[PDB]
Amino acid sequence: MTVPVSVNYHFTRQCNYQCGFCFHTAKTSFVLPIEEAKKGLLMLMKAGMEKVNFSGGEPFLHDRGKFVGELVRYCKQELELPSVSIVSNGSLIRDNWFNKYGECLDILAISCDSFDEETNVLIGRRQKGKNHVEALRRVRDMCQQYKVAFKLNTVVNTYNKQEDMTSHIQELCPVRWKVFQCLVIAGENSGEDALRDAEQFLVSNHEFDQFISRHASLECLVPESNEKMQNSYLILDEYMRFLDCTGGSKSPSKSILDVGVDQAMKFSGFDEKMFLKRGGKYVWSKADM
């Protein structure tokens, strides 16, 4: 039986940005009552979960960041999880949140696809109406101030495929720099009713390889081609259903809240060998960094 050692919980699909290739789109606004989410996290820890990553959607948009804060505190203080992380666009992370919850967060990943603001506009890394300026640098400084490990995520796509990020990554010094090839998921960023159309963003495997090669000097680089990314995550949706990506979509299992972890896991599509090959198990607790 596969142990769900590291699990992503996309607890909301709502987002304030509009990234054109987004593969986890705003198809619903449902969020579990926080006590139900805590019951799911408890049974995941009982099944062997050691790392949880909160995703979405934008995790800091829900309830002004209080929901993700409380889940981080619950997992660290009540479940004693070795690793608690978040992946965020960074735009809504505030100093008061960090002062309250940062001691419980091991790793904060901020997504940054370009250091060129025209490219970010083309991609949709922007809110409609008002906008923020240097959210990335301000969040990076908060991670140093509150002693959280800083991680950066980048999607290689048509509009950054020639970008040399070396000097910027050198300055930011992330502990881990994930570099994803833009990935198509039917019903998310392809398909008749999809909210996004990734076609204009996709790169060839070779263009992905050339972006990786350009940045091979950076020791923090963790590349994930489509092969390494598609099925190598345990992905719980906003109903705490595992999503199986093996068929090219995000096909949900029943909720662990109804059937338990082991039963739902059979329908996760998780490729544990690929999880290990891409570097999914790593030094992820802050005592060890």
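For every residue, the number given is its place in the sequence shown, counted from 1.
In this entry, the higher average B-factor at the C-alpha atoms falls on 212 to 220, of the pair 212 to 220 and 105 to 113. Across the two stretches, 55 to 63 and 257 to 265, the PDB entry reports the greater mean Cα temperature factor for 257 to 265. By the numbers in the PDB entry, the CA B factor is greatest at 125 among 125, 151, 161, 73.
Note on 165, 194, 92, 185: the highest value goes to 194, judged by CA B factor as recorded. Per-chain ranking of the deposited C-alpha B factor places residue 249 in the middle third. For residue 227, the recorded CA temperature factor ranks within the middle third of the chain's modelled residues. Ranked by C-alpha B-factor against the other modelled residues of its chain, residue 144 falls in the highest third. The deposited CA B-factor of residue 36 belongs to the highest third of values across its chain. In the deposited entry, the Cα temperature factor of residue 202 places it in the middle third of its chain's modelled residues.
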